[PDB]
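Visitor: This is the structure, below, for whatever I ask next.
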Amino acid sequence: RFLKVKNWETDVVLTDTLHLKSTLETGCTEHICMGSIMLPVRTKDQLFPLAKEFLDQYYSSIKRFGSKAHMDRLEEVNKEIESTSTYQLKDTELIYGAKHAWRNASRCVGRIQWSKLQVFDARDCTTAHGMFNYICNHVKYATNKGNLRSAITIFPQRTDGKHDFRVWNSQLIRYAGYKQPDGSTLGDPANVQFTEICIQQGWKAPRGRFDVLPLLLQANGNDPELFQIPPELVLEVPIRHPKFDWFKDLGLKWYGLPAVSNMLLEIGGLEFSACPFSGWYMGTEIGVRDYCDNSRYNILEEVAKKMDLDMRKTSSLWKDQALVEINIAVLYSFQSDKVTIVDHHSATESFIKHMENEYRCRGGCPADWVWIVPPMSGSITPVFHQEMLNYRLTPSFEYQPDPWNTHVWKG
Amino acid sequence: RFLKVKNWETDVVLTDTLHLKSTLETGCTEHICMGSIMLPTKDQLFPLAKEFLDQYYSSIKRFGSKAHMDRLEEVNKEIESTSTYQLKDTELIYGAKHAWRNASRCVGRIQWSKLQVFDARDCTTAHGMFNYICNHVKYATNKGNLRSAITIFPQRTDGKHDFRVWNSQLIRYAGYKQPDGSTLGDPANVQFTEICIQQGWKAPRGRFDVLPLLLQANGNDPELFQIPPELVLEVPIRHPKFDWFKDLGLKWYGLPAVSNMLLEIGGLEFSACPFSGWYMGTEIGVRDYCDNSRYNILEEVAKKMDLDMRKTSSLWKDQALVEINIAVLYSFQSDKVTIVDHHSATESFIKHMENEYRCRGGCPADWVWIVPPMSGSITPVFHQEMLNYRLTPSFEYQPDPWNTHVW
Ligand code: HEM
Ligand code: HEM
Ligand SMILES: Cc1cc(N)nc(CCc2cccc([C@@H](N)Cc3cc(C)cc(N)n3)c2)c1
Ligand SMILES: Cc1cc(N)nc(CCc2cccc([C@@H](N)Cc3cc(C)cc(N)n3)c2)c1
Ligand SMILES: C[C@H](O)[C@H](O)[C@H]1CNc2nc(N)[nH]c(=O)c2N1
Ligand SMILES: C[C@H](O)[C@H](O)[C@H]1CNc2nc(N)[nH]c(=O)c2N1
Ligand SMILES: [Zn+2]
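Going down the list, the protein sequences come from chains B and A. Sequence positions in the first sequence follow PDB author numbering and run 299 to 338, 348 to 718. Sequence positions in the second sequence follow PDB author numbering and run 299 to 338, 350 to 716.
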């Protein structure tokens, strides 16, 4: 079957056949759409089909489908599953798998970049100390003094579910949040619970507005351990505004490297529970969400005060006006310091070109509109007007529950 | 089967049970979400009538009463005899208000219960339709203090005698393609304008020409009528800080009035049912003015602001966008024509959602349409999970009649 998507601005129509390869479920049915719902130990049993399907894809991509090398590899994996109950990916397969999980990430606007991903194989890692070292090297390589390079580091896969490698931080680099006795929050309100765990584990909290959190690292199902990332490895950008000289005195800064560390990477039925990956920011992630969400740094009021906007009625659009100024400041600041960043116009335009290319060469591009459309200036970006089909392909990145909810403490 | 929706800003979790009463299909499956696609006989009719009357008599606390049973009986007899049936006035009013109540893409639903329903089921000609519509327009406009209304023409019979308003809204501006190659006026309305000209309309060929109505009665060929100019309230667009803004020559009309949809109540189909409320500012300022395929004015405004248009990263588009939207709200407010800003509308919808969950066990909502086309995440709807499902009575899209009309 064929499915059509139309762009309502250009009348361009595309035809999806890739959705036919989708196995995993969406959350939706014929009677309910769950498109705005944020969150909608395997047996050999299910494992060999998952392995086979993955290896068929891999061998197709390298133009060796049905070869002796292909057949031998299936055989080899089959026997390994039957006798050890799991199997090991070749380096080539791991790299291909990691690239494809990104390619398949329907909520990711940055996918034009998917084929340039540095894959760091950390499957020989055995301890939390070992994890720390790997992660420092990733941060340094990815940061590259401001000329950011995409990377992922892949720690050993799940075995029985009792020996998981996990990075407890949601992102490698994030600022602490402290709930005060008066109910106010100092620093990032999003990281309060994790900061408390760090403190509980013995972190000495400086208790400022922008304190880089320590890494909390679990190897082999053991209790996690604290490590401070070397500060000289943590590139940060002080935020200033090209015309508003008082903007610097708000005291804002952000880190340059966005690096997700709480997701689970699935390749050929294998589960990599610790697989931190990083790219570079789109300005709105910081300027719209991080700074302006009510539940985050929430700076809109202070910014609009300083601009002396009429704040007595929402219909003056003071929030909107201040929102634009903050986002200009972020882009200006990253640019002035030569730290890679992309604005939402350029990013969404690139995504549209990527998506059209994917339809032509691959037969589709699963995309989640709710996430792809930026959180400001929606309809002046080309993605707003683009129909999108959301479905789940493997390899994939999956959400997993926070480790402090599931971890069996050894003490 | 019982479903939670969470607000990620406030942590409020609501439980939806109303979706279980959903009847129509979504476009989605277990394998594919189509959340972003714009357009995804006697036997069938008695179930539809029963379902409706059951909810009606339930709503007036008379479920299972003799009056309930008697009406089921009466409607039942009428269908078997006549292959259709007629709504009581009370049922028509209830049905219309609920179609709006169930409109998952409408942010304005806190208002659903205050809808003036004009029963035009006695209308027989296109001249009658025209009279009904001017009365609706005058009533709704109310000298700028807008009031929600719907006018309901006779229901579908055998499908060859449909009442249809050919216009997509009661009030729209004409569009004309130039020898120049560009477009004068509203590019969205070019095809319809051609049909008007080809039906006989003498076009002024200006930038802001209110289109005539093209009214179809009883399946007959449609006819042209101009809405009295004095009933079409328009607003010149100025900016409270930029003196030059008015020089752009922009205006918009006060009355948003959708005329192309199909109202379905208890199996019955009202193919002509123009309805109207008042604008949310972004509809005009963001979509009408700034869509590339619409009036597309961002470039011109940004130049008058003398912004650095060299690189997308100066955010010149976003800057001019906010300003155009400030001008829309200011101009409507100054002329005392009802308008709502996206902040206030989305706040009211969150309150409405809470009421509906509390009072009805849910509220179907389409996040893709509810979240405003600018400043998404600074409105509370952005952080609000929504379940989208189809309830009846309902407003449905229907195909442009010129594609269907045999002359
Ligand atoms: C190259 C620069 C990149 C840019 C500009 C980019 C852009 C984005 C943005 C704006 C989001 C939404 C994030 C949010 O709203 O919090 C996102 C989500 C995502 N991105 Fe990308 N991205 C990039 C690289 C990557 C890389 C290298 C990977 C993995 C290898 C990746 C995988 C994802 C995944 C899995 C999500 C969804 C996250 C979630 O559900 O929380 N991204 N990206
Ligand atoms: C009271 C003032 C009202 C406001 C501020 C309001 C707000 C809106 C907005 C912003 C949209 C999105 C439309 C678009 O983006 O083009 C919408 C869609 C809708 N509204 Fe409301 N509305 C109001 C009154 C009504 C009334 C009185 C009805 C019916 C009686 C109604 C039924 C609908 C329907 C069916 C849609 C979707 C239209 C479509 O799918 O094309 N609206 N409304
Ligand atoms: C409940 C829940 C579920 C879910 N799936 N995600 C969340 C939080 C979403 C989130 C929060 C912070 C950073 C990012 C990165 N996606 C931010 C990021 C990462 C990369 C690699 C590049 C880039 N430009 N940006 C995503 C919450
Ligand atoms: C293909 C297609 C499908 C579909 N369902 N809708 C469209 C056009 C969408 C549209 C266009 C103009 C006006 C409105 C009114 N919905 C605008 C409106 C109406 C009312 C009553 C109040 C208000 N504030 N605003 C909606 C196209
Ligand atoms: C409830 C809703 O799905 C939630 O607020 C989503 C909406 N769209 C998003 N889009 C992006 N890119 N990131 C997000 O965190 C969200 N949050
Ligand atoms: C492709 C996408 O469905 C389309 O652009 C939608 C997105 N959201 C919308 N939301 C509203 N309110 N109105 C619209 O016309 C649209 N257009
Ligand atoms: Zn869906």
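Even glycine gets a Cβ: it sits at the ideal position worked out from N, Cα and C.
Please check the pair A:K645 and A:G453, which I expect to be a contact at CB under 8 Å, by giving their CB distance rounded to whole angstroms.
Guide: 5 Å
Visitor: Under the three-state reduction of DSSP, which class applies to A:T450: helix, strand or coil?
Guide: helix
Visitor: Name the residues in the region 679-693 of chain B whose C-beta lies less than 7 Å from a C-beta of chain A; which are they?
Guide: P682, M683, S684, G685, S686, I687 and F691
Visitor: What is the residue span of the alpha helix (DSSP H) that A:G563 lies within?
Guide: From DSSP, A:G563 is part of no alpha helix (DSSP H); its letter is neither H nor E.
Visitor: Could you pull out every unbroken beta strand (DSSP E) segment of at least 3 residues lying fully inside the region 462-533 of chain A, listed in chain order?
Guide: 484-486, 492-494 and 522-525
Visitor: Applying the 10 Å Cβ sphere with the 16-neighbour rule, what's the burial state of A:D352?
Guide: Exposed is the call here.
Visitor: Let me make sure I understand the geometry here. Which of A:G509, A:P488, A:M332 and A:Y482 has the alpha-carbon closest to that of A:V499?
Guide: A:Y482
Visitor: Heavy atom of ligand 6 less than 7 Å from the Cβ of B:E663, yes or no?
Guide: no
Visitor: Does the CB of A:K626 have a neighbour CB from chain B at under 8 Å?
Guide: yes
Visitor: Return yes when the Cβ of B:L696 is within less than 8 Å of the Cβ of A:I330, no when it is not.
Guide: yes
Visitor: Identify whether A:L312 lies in helix, strand or coil by the three-state DSSP scheme.
Guide: strand
Visitor: Give a yes or no on whether the minimum CB-CB distance between B:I335 and chain A is below 8 Å.
Guide: yes
Visitor: Would you please verify whether the beta carbon of A:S602 is less than 8 Å from any beta carbon of chain B?
Guide: yes
Visitor: Which chain A residues are close to B:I635, counting only those with a beta carbon under 9 Å from its beta carbon?
Guide: Per Cβ cutoff of 9 Å: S622, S623, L624, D627 and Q628.
Visitor: Within the 8 Å Cβ cut-off, does B:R596 reach chain A?
Guide: yes
Visitor: Classify B:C668: buried if its beta carbon has 16 or more other beta carbons within 10 angstroms, exposed otherwise.
Guide: exposed
Visitor: In terms of alpha-carbon separation, which member of B:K660, B:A429 and B:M336 lies closest to B:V690?
Guide: B:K660
Visitor: For B:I574, which three-state DSSP category applies?
Guide: strand
Visitor: Skipping 5 residues on each side, what residues in its chain have a beta carbon closer than 6 Å to that of A:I574?
Guide: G404 and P702.
Visitor: Should B:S640 be labelled buried (16 or more other beta-carbon atoms within 10 Å of its own) or exposed?
Guide: With 16 or more other CB atoms across the displayed protein chains lying within 10 angstroms of its CB, B:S640 is buried.
Visitor: In terms of DSSP beta bridges, what is A:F427 paired with?
Guide: BP columns for A:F427 point to A:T460.
Visitor: Return the first residue and the last residue of the beta strand (DSSP E) that A:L301 is part of.
Guide: A:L301 -> beta strand (DSSP E) spans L301 to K304.
Visitor: At 8 Å on the CB atoms, spell out the chain B contacts of A:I546, in chain order.
Guide: Result: empty, since nearest Cβ-Cβ is about 15 Å, beyond 8 Å.
Visitor: Counting along the chain, where does the alpha helix (DSSP H) carrying A:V637 start and finish?
Guide: Residue range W625 to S643 is occupied by the alpha helix (DSSP H) that includes A:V637.
Visitor: Can you look up A:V595 in the DSSP assignment and give me helix, strand or coil?
Guide: helix
Visitor: Quick check: does the Cβ of A:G437 come within less than 7 Å of any heavy atom belonging to ligand 4?
Guide: no
Visitor: Hey, would you say the C-beta of A:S334 is under 7 Å away from at least one heavy atom of ligand 6?
Guide: Yes - ligand 6 has a heavy atom lying nearer than 7 Å to the Cβ of A:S334.
Visitor: Quick one: grab the DSSP three-state call for A:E543.
Guide: In the structure shown, A:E543 sits in a strand (DSSP, three-state: E or B).
Visitor: Do you know offhand how far A:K469's Cα is from A:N527's?
Guide: 8 Å
Visitor: What number of angstroms, rounded off, separates the C-alpha of B:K423 from the C-alpha of A:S684?
Guide: 32 Å
Visitor: For A:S703, write down the residues that DSSP places opposite it in a beta bridge.
Guide: According to DSSP, A:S703 bridges with A:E573.
Visitor: Label B:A497 either buried or exposed according to how many other C-beta atoms from any shown protein chain fall within 10 Å of its C-beta, with 16 as the threshold for buried.
Guide: Around the beta carbon of B:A497, 16 or more other beta carbons sit within 10 angstroms, so the residue counts as buried.
Visitor: Going along chain A in order, which residues have a C-beta closer than 9 Å to the C-beta of B:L638?
Guide: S622, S623 and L624
Visitor: Assuming contact is defined by CB atoms lying nearer than 8 Å, are A:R516 and A:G494 in contact in what I supplied?
Guide: With contacts defined by Cβ atoms closer than 8 Å, A:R516 and A:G494 form a contacting pair.
Visitor: Mind checking which residues open and close the alpha helix (DSSP H) that includes B:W587?
Guide: Element bounds for B:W587: n/a, residue is neither H nor E.
Visitor: Taking B:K560 as the reference, which of B:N476, B:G509 and B:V544 has the closest Cα?
Guide: Answer by Cα proximity: B:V544.
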